[PDB]
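The form deposited in one PDB entry is given below as one chain in structure tokens.
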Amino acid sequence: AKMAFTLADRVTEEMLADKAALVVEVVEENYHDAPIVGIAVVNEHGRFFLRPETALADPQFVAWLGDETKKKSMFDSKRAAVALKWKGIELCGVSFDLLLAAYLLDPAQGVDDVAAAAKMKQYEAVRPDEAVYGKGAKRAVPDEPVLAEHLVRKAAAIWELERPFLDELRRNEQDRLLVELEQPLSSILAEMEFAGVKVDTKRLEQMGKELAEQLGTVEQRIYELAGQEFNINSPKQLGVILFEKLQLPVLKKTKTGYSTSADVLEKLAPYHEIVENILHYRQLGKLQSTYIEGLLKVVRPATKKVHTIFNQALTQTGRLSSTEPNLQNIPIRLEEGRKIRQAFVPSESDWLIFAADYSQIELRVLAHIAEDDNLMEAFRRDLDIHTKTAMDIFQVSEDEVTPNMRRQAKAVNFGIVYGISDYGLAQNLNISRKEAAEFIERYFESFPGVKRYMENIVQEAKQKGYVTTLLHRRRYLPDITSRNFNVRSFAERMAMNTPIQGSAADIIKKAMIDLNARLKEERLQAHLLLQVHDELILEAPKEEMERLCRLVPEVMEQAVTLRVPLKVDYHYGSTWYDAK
């Protein structure tokens, strides 16, 4: 705990070396248009702290930040990059991101500050951010000498930890996953977040006004049916109405009381008509609270854009997540909610939304990894995979598959990927459990390679302690040999599912990198707006639709080569709603 550093008043030349650890500190969790509170640089020549007002107005330092040949090691470079974009400054030459390095080494550690990464290599000459800034209403930037030391210690940590982290990644055969996939993707996500998505607020506000009316009507219908007013949004009060007043059967309990889950309420419809009304109300209520009000609260009013933050270092499987607002859970399944998408529009006149989605990428990945002959052959023929499973399960010709049979078979196909049990499948489909069990037993008899994969992958997890994806992402599963059935079983389902979900994540991430390259190469104005796990959303001048119709699916389908084809569907239109 004896670290010399220079608290500089102006920028000097020795601060602009062609390799440095750089800290551009943004303390607000949402870094969009957020203040930069301080800057640290550590390099061959020493350690430096700079005041943003100085350094970000210094044409020399700004030149250095944007010089691609001046290499920077950072932690969470996307945060710095975006915060600098809001200040009108370009950051290039980031060659190492410790956040992403830590994430690839072990997603379970939940590393979100430099101290937590440093802990992976027993480096303790740096403090947690929460310790320096405090939490909640106590959160605050400390006095300059304290801030400065903290920023410098974070930079010094990055400086000393780069080699050890790269050394383990390389030993794990994950170094390319970092340098050629995650770090390039970070820059692309930075572009997407900063560009944002334009919102039709007049349309959203009108929809909210009508929703309020409808909510009120449904609400009063519910009180009439219930014979009493209560808070419908309180599972506790609801549970009293349903299971005590109306004496409906109790199908499930949770740790706190009667369950009122959608699954449960659906099964109560043969008993009382009120449950259907209540489901409708809770649906409409979430629309109003989250997709009207919540969304309007985060729109930047002068530009009418919303700027999500894609968390790249959070999920245990390699997926992104999306926050403040979450733009990866915009309604689509019910027409009532789907119309929310009418409010998501192009950012320029005479532009259109272009949405491209992988068809059944998880099942194609399963087919590939399990190398199951019958499943691979179906995909090579582009036979409807749900129709095919229905034929095997029910043992019928293709022309005998009722839409109900296909409905059930779809539930089987997707459920196998999550390790569904017969209980779960019976409840999902609301069918006989004896029958549900027979569906699963017949599925594995028809796709024996999948059965072998599920057995082999759990054996692998037990022997190695972790499972891996196509592009060498890992997930450690230290509970896989627990003597406790629930704990062990959950870990076995993670072993089964993670190579599937995680490889699908790998593939779309690489597609984004390849797509951006192709877009720039061809000087197209089109650009990415969102990723939604197995979907990519873009906007572009209307003139460019013809090109994207060929280019986007092609790049997505060719991202990796599997033993089965990848297939991508696509649509475009005047709003996200219309891109279907």
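Residue positions are given as counts along the sequence shown, with the first one as 1. Only residues modelled in both forms are compared. Under this definition, the rigid core comprises the largest set of C-alpha atoms superposing within 1.5 Å between the forms.
**Q** Comparing 158-166 with 486-494, which stretch shows the greater average C-alpha B-factor in the deposited entry?
**A** Stretch with the greater average CA B-factor: 158-166.
**Q** Can you tell me which stretch has the higher mean Cα B-factor, 444-452 or 314-322?
**A** Per the deposited B-factors, the answer is 444-452.
**Q** For the CA B factor values reported in this entry, which option in 150, 380, 236, 333 has the top one?
**A** Among 150, 380, 236, 333, the PDB entry lists the largest C-alpha B-factor for 380.
**Q** Identify, among 430, 359, 256, 201, the residue whose C-alpha carries the highest B-factor in the deposited PDB entry.
**A** That would be 430.
**Q** Lowest, middle or highest third of the chain for the C-alpha temperature factor of residue 41?
**A** Ranked within chain, residue 41 CA B lands in the middle tercile.
**Q** Going by the recorded CA B-factors, say which third of the chain residue 182 sits in, lowest, middle or highest.
**A** Its C-alpha B-factor, which the entry lists for residue 182, ranks in the lowest third among residues of this chain.
**Q** Would the CA B-factor of residue 530 place it in the lowest, middle or highest third of its chain?
**A** It falls in the bottom third of the chain.
**Q** Looking at the entry's B-factor column for C-alpha atoms only, identify whether residue 23 ranks in the lowest, middle or highest third of its chain.
**A** As the PDB entry reports it, the C-alpha B-factor of residue 23 lands in the lowest third of its chain.
**Q** Relative to the other modelled residues of the same chain, rank the CA B-factor of residue 93 and answer lowest, middle or highest third.
**A** Its C-alpha B-factor belongs to the middle third of this chain's values.
What follows is about the form deposited in another entry, which we do not show.
**Q** Taking the rigid core as reference, does residue 509 move its C-alpha 2 Å or further between this form and the one not shown?
**A** After core superposition, the displacement of the residue 509 C-alpha between this form and the one not shown stays below 2 Å, so no.
**Q** Rigid core aligned, does the Cα position of residue 403 differ by 2 Å or more between this form and the one not shown?
**A** Residue 403 C-alpha, core-superposed: shift of 2 Å or more.
**Q** What happens to the Cα distance from residue 562 to residue 392 in the other entry: does it get closer or farther than here, with a change of 3 angstroms or more?
**A** Farther apart, which means the C-alphas of residue 562 and residue 392 are at least 3 Å more distant in the other entry.
**Q** Look at the CA atoms of residue 360 and residue 406: state whether they lie closer or farther apart in the other entry than in this form, given a difference of 3 Å or more.
**A** Residue 360 and residue 406 sit closer together in the other entry.
**Q** Can you list the runs of 3 or more residues whose CA atoms move by 2 Å or more between this form and the one not shown, with the rigid core superposed?
**A** Runs found: 386-412, 416-418, listed by sequence.
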